[PDB]
Trainee: 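This is the structure I want to talk about, given as structure tokens.
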Amino acid sequence: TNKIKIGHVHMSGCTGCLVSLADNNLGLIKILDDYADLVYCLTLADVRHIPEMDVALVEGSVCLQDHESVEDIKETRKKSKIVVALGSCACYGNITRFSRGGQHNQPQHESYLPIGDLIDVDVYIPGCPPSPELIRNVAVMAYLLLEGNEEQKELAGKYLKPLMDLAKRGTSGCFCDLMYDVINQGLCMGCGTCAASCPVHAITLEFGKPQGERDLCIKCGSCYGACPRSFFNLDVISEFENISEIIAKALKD
Amino acid sequence: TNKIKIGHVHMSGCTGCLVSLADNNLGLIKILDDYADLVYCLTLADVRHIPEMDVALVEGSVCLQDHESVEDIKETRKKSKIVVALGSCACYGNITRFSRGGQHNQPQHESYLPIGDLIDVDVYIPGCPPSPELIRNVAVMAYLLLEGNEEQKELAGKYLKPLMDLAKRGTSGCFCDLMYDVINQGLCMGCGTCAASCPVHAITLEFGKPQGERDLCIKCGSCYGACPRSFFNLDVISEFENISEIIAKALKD
Amino acid sequence: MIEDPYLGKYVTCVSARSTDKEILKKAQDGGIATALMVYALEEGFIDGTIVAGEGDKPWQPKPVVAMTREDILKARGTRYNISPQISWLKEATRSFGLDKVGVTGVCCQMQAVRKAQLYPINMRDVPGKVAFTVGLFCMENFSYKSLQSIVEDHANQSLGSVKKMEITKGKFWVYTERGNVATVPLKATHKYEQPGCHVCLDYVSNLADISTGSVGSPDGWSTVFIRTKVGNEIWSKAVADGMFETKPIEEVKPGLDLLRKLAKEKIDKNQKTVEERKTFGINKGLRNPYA
Amino acid sequence: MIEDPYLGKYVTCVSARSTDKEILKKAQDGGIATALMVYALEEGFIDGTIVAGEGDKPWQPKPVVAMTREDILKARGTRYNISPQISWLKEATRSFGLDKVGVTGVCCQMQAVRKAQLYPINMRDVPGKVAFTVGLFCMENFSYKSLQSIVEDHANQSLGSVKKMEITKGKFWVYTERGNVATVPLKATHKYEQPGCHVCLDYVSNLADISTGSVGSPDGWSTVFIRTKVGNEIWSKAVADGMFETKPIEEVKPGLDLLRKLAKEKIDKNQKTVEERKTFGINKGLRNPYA
Amino acid sequence: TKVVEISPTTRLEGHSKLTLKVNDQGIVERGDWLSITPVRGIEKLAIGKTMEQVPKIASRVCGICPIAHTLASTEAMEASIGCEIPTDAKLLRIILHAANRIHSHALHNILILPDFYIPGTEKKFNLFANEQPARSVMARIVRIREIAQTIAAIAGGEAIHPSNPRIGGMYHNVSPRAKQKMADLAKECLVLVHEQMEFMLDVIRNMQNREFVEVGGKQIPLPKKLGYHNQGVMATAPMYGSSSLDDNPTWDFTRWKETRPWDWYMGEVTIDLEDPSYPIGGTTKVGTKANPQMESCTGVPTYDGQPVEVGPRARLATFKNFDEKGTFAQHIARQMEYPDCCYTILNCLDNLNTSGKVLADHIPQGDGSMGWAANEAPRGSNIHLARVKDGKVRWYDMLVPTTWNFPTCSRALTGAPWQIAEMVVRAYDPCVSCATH
Amino acid sequence: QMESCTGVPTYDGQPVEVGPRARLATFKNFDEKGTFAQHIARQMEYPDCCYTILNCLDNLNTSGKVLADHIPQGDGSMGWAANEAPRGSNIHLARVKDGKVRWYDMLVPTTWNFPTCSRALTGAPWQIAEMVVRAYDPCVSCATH
Ligand SMILES: Cc1cc2nc3c(=O)[nH]c(=O)nc-3n(C[C@H](O)[C@H](O)[C@H](O)COP(=O)(O)OP(=O)(O)OC[C@H]3O[C@@H](n4cnc5c(N)ncnc54)[C@H](O)[C@@H]3O)c2cc1C
Ligand SMILES: Cc1cc2nc3c(=O)[nH]c(=O)nc-3n(C[C@H](O)[C@H](O)[C@H](O)COP(=O)(O)OP(=O)(O)OC[C@H]3O[C@@H](n4cnc5c(N)ncnc54)[C@H](O)[C@@H]3O)c2cc1C
Ligand code: NFU
Ligand code: NFU
Ligand code: SF4
Ligand code: SF4
Ligand code: SF4
Ligand code: SF4
Ligand code: SF4
Ligand code: SF4
Ligand code: SF4
Ligand code: SF4
Ligand SMILES: [Fe+3]
Ligand SMILES: [Fe+3]
Ligand SMILES: [Xe]
Ligand SMILES: [Xe]
Ligand SMILES: [Xe]
Ligand SMILES: [Xe]
Ligand SMILES: [Xe]
Ligand SMILES: [Xe]
Ligand SMILES: [Xe]
Ligand SMILES: [Xe]
Ligand SMILES: [Xe]
Ligand SMILES: [Xe]
Ligand SMILES: [Xe]
Ligand SMILES: [Xe]
Ligand SMILES: [Xe]
Ligand SMILES: [Xe]
């Protein structure tokens, strides 16, 4: 079979999403060797314009007052079969929610939206920083979804489903997700997972229940993501040993 | 014509929404005299059970683990032509977003949702506290929508439209509304109105742009409401002198 | 009651200037906004008014509840950056204890006031205590860093030396206290406009009780629209009391024809901008507060 | 590889208890959870493990990363209120510098670990450094104020006097250090359960490497399920090394038949609860994390 | 004079472009390298936020060097409020800081080698390719970065956007095992970075001995004084940094003034030279208009009224009187910083007391006084300035290393074949998201 | 015992009545008890409210300072405050450390009155049990909080 064609599109991001991918180490080189061609990535290669892509890893959000930027993200949807919001800036805005303009030398650069507000997004990879393991897993599963037998494209399509459901749920991420859609919903069980995943130590548990420092939270959506009562697809997660073995196989030398 | 039949349904609220209504003073007595019967209100009258209502002013939110409470709010939809979420607890959760259980003598009373999450809501009256003027205006316009000539039911139906659009937009209120749907959208013009309406002084303007103390904000939705770049229905608001004259007429002695 | 589709609904329109010479010494134009609030205070139509007072950096405006003639005059002159006038609208009726609040500002600020009067959202007591609005014409506004960049880089002037600023006749004008003048072509300034001004469809402050501006009248003179019953009672009384020199707008150059043309360009340009938000994306668009 | 639909997927199931007498002195049951982590530490399968250690109020558990035999034993005994075990899952791989993390907890906590391994959302380094999970059976949990109300009002005991607590045979059992015993009917306690336990469809910790509990075995003895390859390598080695007394579950009363029945009641009861959330409202329902 | 424009740049972080005026031979006469990254405005959004939040937001300026913004921002708050952090918190911050310099320099090796030749040949390095020696070189780099990111996560809580720093010190000290593990990793890393350092120095020495390089088919001559400028250098420490809490700060805020691109960049021009063959997609179409004064997205900080170079050569010139300048000098200086990083880590681990305190007993809330902190980030002096009052940021300013290097690199472009203008740029290890913030 | 949504605060081990009669008995030795006594005591509090307001306005300096120059962040010590709310003693207790609330407790007037009113119900026709209740001016949202 053919390797899929993968591009890295960089909007208003910090390149930490790209770095996370590279922090797969030899796993990334195994992927690039056997399953994917990087057709585009301004940081690593000299391809000046957005080619056609099977999978586009888009990082960062969109500044509505930068013409070239609105064009790049429209062009990316046009040129790509699967669009991935890579990281919390692309999924949910993250720190660019806080942008409000007035700084040199473009005081009018004021308004920033996550990509799903301008184009349709197929898969979310939430996190700030996003976990290398997730980016790898999503890349391998995208390859099975496109060049595997029917048994794999079925596995791969079930794995990716909650990440696709997140892209259809909305473009907002915040500590309050855990209130709205978990505690307020009767679903919280006090496991503490949200506290472990928060990257700015904004979450403590008081008497088994989440307490959010909302003026510390940078609005990344990680905690609802990781919460085992947001999505819990029993068909995938109960096969953890098997799916882990498959993934390790796909990277073995 | 007949007076419309109005009820006050009290969920998990503080009765401050009711107090606001009463703070219309003689205007409320004018309304009760000439245009509406209060068929239900546990605070003011002895009617023990929820009768049928033309308009139901529902205050407070719904505790999912109190059986009687889930029943009352379903019963209210069944018994009412127009359902009004009166105040921010009913519209958006407000301080009950923060509830998480563990207090005597019902440690399991844990989860609270705004009413629109359990039943369909026709009109929002946001605020904490909600402004008496708005509750009055909405009550007079509801009467015109039901017992007036076609010229009034047209006026009244256009006035109420943004309050109906808010009920369909969602059940979440927060300072971040001004980021998501105004600043992030290119719409903020720095008028400062949000700062005036915030009831806990959570909002300052820094260089003409909103700055939110998110650990002060009690999640009431007032600031997006009052913002002149959330909804601005030019057909009503440009007729301010006329609509003001009509409203004053309806209460004159 | 005319009903221009670019000048809003109004009773009459004349070209005026205050007869109070001390007020005219630093007024931007004819001194209409200052003279109307001073007179409203002395007569008792208002007991206080929000104005753009002096702030903490040079040429940065700071809203304030003025309650004396002297505090009102402190707000003379146009400041070309944002002054969040409405932030004190509710507080005026609380700690300040006012019964009859005045408000001054540009067109969007008048709209906020009218919205608060009809849809008060946590704005208790405001609808019935707004007593007088005076609205300025406004083509667009800037942030402070924008005004800094225009004045200091493009005009090459020190802000601590500037006595007056004026947009007119296609140029940004800076006047120094020692007597020099500098200009900037308006094409250079277009990157510096506040993005939220690009969806504004109101030029002569349609929703004010009285409206006032510069275009249409000679230097030192204001183009004034009287619009509401409140605007009419106060303006009549003030002319009767000698507060104003008038001249019908028809017998003044450039007059109401130039004004209608600049209003028309603003709405059509911005209306286009409003239309494109709808299809800004691919299968997705941006919000429209007007839908 | 059996595949019970109420007991999950597992290789074998025996009734066991640790041969380490010092560990058995305060173990809740057979001392399986303690003995498996101690042995995993001494053998090198883990270099540390999250356990429910002693906290700051009596009978309040506090999660902690244990890295010595002595710290592990401090977590013996069942605490009937929430211990957010996973809050330290990532920190174990950072400041603590662990390569091979153990985790202990109830069924929902095992699910969090497995979810983090497959969908790490800001959980970098966790998937490949989780090395051993031991899961307890769990019918339901309580908040601290619930456990306070049960013990002090219903059992009428002082928390500072309680040496052990046990839910079994339809009653909540309290044992004091001076020797008394008190019970509460489980019907009385139903208002005090954590509401989020009512949608839980997992009784014997299906997703653990090894699972262990009380039901099915005599007092002082544990019902144990070996499930994953990791669970198998470690359990085999430990029996070989003499760490355990075993007995096939079939030749033990009440044995695997009682267990399957209580598991079945939990899932069916909770599954009904999950189903009703769908129509909880009028034309509206509540979220289902399982959809 | 003609006008050629490369947009976007590649093999650097972020979004910039080169707008070059060239003579009749295609040599730069005056080039402008400018940012076209949209301005997120961190310094303005900071105002009114808590002093705890602002460093965690500023970290998200850049994911290659988040350590630099977390530390410079946190220590600007500590300096404004007068907070002295415990010794064991300082030691963990230095370990975090040196680990991150190792990973950043190694990443930059990946970005610059495609322009370099396998010594003595005419084959350029291709690292992607499963051929030697490229592949065993990529393996060394991958393990260096991995060691570096692991040490960073241990001492810093997270390798990208460290969680452990806080006003007053750190959230956590590390366990005895963590300390052993960082020591073990830094022993392995010291061997590797010595190998990599020697490897890169030989490749650069071979480049200094070439007369031309090949760019999209053509031979491009390699000038002797490639990338020379007369701006001088500015550096605050050979390793860590300096703050206004110090008895003798090594940065003088009285010598700094930030202006707008206005004073140093070119005005409007029109592109009258184009090359569709430039790898890979050609240059800007003829007839396009460009205005670096108005398209540049950064401000121009100056020292004694002039732009300056910052970064690894800035540091070695300031502290050891390193006396070579230009493109290849910059590459050399950067590689020479490899071993110090690992010696520092090991010295710091040796003095660290894992039982010691990491949080100052008292954190004052601030009275509005100005403080500043300089972090010597992988690319140069990173200076944050702050006024904190009642725990809130009332004034904030960031002078980031690539911001300093933009006007200085631009001037360094004179005398270069426009086809290797990008090579002059890459010697600065540019981070355009940083520079713009 | 199980449907009641409040806790039962006690003083010297017993429930107590709070509110306007509680105040007049404590401070003036007001010596009538029960439903109509409670109504009387409450009305007698009308004039003090307006005399207080006027005395306070008279001493108020509108140019004076309203914010303490220094706000300490707290070391975890317990403090409490009692407000004589319209229905009785409202006592909040707190431990604040580093500007955060580490422990909080609220003893609200209608919470105090619940068990005390219950006992007051003895000897009444069940049809006027509600009249006995209304003399306490109950606020059940307060009592439950
Ligand atoms: C951004 C801005 C843009 C404008 N654009 C135009 C235009 O395009 N065409 C035209 O004819 N006129 C425009 N004007 C109005 C004009 O410049 C004069 O200010 C107006 O005629 C009032 O002059 P005056 O002599 O009556 O007022 P004065 O007696 O000089 O009193 C000044 C009034 O201006 C208010 N004010 C000053 N600065 C601000 C500010 N940033 N925000 C809110 N209120 C402020 C003050 O409250 C005060 O009442 C603009 C004003 C502003 C602030
Ligand atoms: C709410 C709860 C409900 C339970 N319900 C049942 C049941 O219905 N039927 C049944 O057979 N068994 C149940 N168990 C398990 C049983 O009570 C024993 O705890 C189990 O068999 C372990 O005993 P042991 O002798 O091997 O462990 P020990 O050697 O005594 O070690 C104790 C283990 O329990 C962990 N632990 C203790 N309290 C908690 C807590 N709140 N949260 C997370 N981890 C904790 C500790 O980390 C430790 O590893 C429950 C346990 C808990 C916490
Ligand atoms: N080194 C570095 Fe950053 Ni990505 C830059 N420039 C900043 O501090
Ligand atoms: N008075 C009164 Fe409240 Ni509505 C009561 N009880 C509280 O403090
Ligand atoms: S999600 Fe975080 S790591 Fe990714 S671009 Fe945004 S700031 Fe950087
Ligand atoms: S991760 Fe989810 S279920 Fe677990 S404590 Fe946090 S909100 Fe509650
Ligand atoms: S609380 Fe922490 S994990 Fe959740 S959205 Fe805020 S920053 Fe992200
Ligand atoms: S919205 Fe505010 S006033 Fe209305 S019930 Fe809720 S807390 Fe009370
Ligand atoms: S009210 Fe709306 S438009 Fe006015 S300053 Fe606030 S968010 Fe901006
Ligand atoms: S900021 Fe203030 S007005 Fe807006 S949602 Fe929060 S509490 Fe309400
Ligand atoms: S152009 Fe319109 S929105 Fe912008 S300041 Fe002027 S009145 Fe306000
Ligand atoms: S019943 Fe289920 S959700 Fe509740 S504690 Fe036990 S394992 Fe967790
Ligand atoms: Fe800066
Ligand atoms: Fe209480
Ligand atoms: Xe990278
Ligand atoms: Xe890479
Ligand atoms: Xe890839
Ligand atoms: Xe890539
Ligand atoms: Xe997909
Ligand atoms: Xe990848
Ligand atoms: Xe994918
Ligand atoms: Xe009321
Ligand atoms: Xe009332
Ligand atoms: Xe009413
Ligand atoms: Xe009412
Ligand atoms: Xe309606
Ligand atoms: Xe009303
Ligand atoms: Xe209505």
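Both counts, for ligands and for their atoms, begin at 1 and track the order of listing. All heavy atoms count here, side chains included; hydrogens, waters and symmetry mates do not. A note on names: the letters A, B, ... follow the listed sequences, proteins ahead of strands, and every chain is numbered from 1.
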Trainee: When you measure from atom 1 (S) of ligand 10 to every protein heavy atom, which one gives the shortest distance, and what is it?
Mentor: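 For atom 1 (S) of ligand 10, the nearest protein heavy atom comes out as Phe175(B) CB, 3.5 Å.
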Trainee: Are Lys219(B) and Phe98(B) in a cation-pi setup, meaning NZ or CZ lies under 6.0 angstrom from the ring centre and within 45 degrees of the ring axis?
Mentor: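 Not satisfied by the 6.0 Å and 45° rule.
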Trainee: Hey, is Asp165(B) close enough to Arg169(B) for a salt bridge, meaning N to O under 4.0 Å?
Mentor: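 The answer is no: the pair does not qualify as a salt bridge.
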Trainee: Check whether any N, O or S atom of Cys217(B), backbone or side chain, sits closer than 2.8 Å to atom 4 (Fe) of ligand 10.
Mentor: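 Looking at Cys217(B), which is the residue asked about, there is no N, O or S atom under 2.8 Å from atom 4 (Fe) of ligand 10.
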Trainee: Does even one non-hydrogen atom of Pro199(B) get within less than 4.0 Å of ligand 10?
Mentor: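 Judged by the 4.0 Å heavy-atom criterion, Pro199(B) does count as contacting ligand 10.
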Trainee: Record the part of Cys174(B) in heavy-atom contact with ligand 10 below 4.0 Å; permitted values are side chain, backbone, both and neither.
Mentor: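 Under 4.0 Å from ligand 10, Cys174(B) contributes backbone atoms alone.
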Trainee: Suppose we measure from atom 4 (Fe) of ligand 10 to each protein heavy atom; which comes out shortest, and what is that distance?
Mentor: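 Residue, atom and distance for the closest contact: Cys223(B) SG, 2.3 Å.
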Trainee: Any idea which atoms of ligand 10 are less than 4.0 Å away from a heavy-atom of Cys220(B)?
Mentor: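 Taking each heavy atom of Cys220(B) in turn, ligand 10 has 3 (S), 5 (S), 7 (S), 8 (Fe) under 4.0 Å.
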Trainee: Who are the side chain to side chain donor-acceptor pair (under 3.5 Å) partners of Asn288(C), not counting sequence neighbours?
Mentor: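 By the side chain to side chain donor-acceptor pair (under 3.5 Å) rule, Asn288(C) matches no residue at all.
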Trainee: Under 2.8 Å from atom 2 (Fe) of ligand 10, is there any N, O or S atom belonging to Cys198(B)?
Mentor: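 An N, O or S atom of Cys198(B) is closer than 2.8 Å to atom 2 (Fe) of ligand 10, so yes.
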Trainee: Treating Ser222(A) as the side-chain partner and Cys198(A) as the backbone partner, does any N or O pair qualify as donor plus acceptor under 3.5 Å?
Mentor: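 The answer is no, because no donor-acceptor pair under 3.5 Å joins these two groups.
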Trainee: With a 4.0 Å cut-off on heavy atoms, is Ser197(B) in contact with ligand 10?
Mentor: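 So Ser197(B) does not count as touching ligand 10.
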Trainee: Evaluate whether atom NZ of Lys129(C) has more than 12 neighbouring non-hydrogen atoms of other residues, nucleotides or ligands under 6.0 angstrom away.
Mentor: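 More than 12 within 6.0 Å, yes.
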Trainee: Ring centres of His92(F) and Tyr104(F) under 6.0 Å apart?
Mentor: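 Ring centroids of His92(F) and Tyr104(F) are less than 6.0 Å from each other.
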Trainee: Could you tell me if the ring centre of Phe231(B) sits under 6.0 Å from that of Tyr119(C)?
Mentor: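 Between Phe231(B) and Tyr119(C), the centre distance is under 6.0 Å.
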Trainee: What protein heavy atom sits nearest atom 7 (S) of ligand 10, and how far off is it?
Mentor: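 For this ligand atom, the closest protein heavy atom is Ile218(B) N, 3.4 Å.
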Trainee: Heavy-atom contacts under 4.0 Å between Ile203(B) and ligand 10: side chain, backbone, both, or neither?
Mentor: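 Side chain only.
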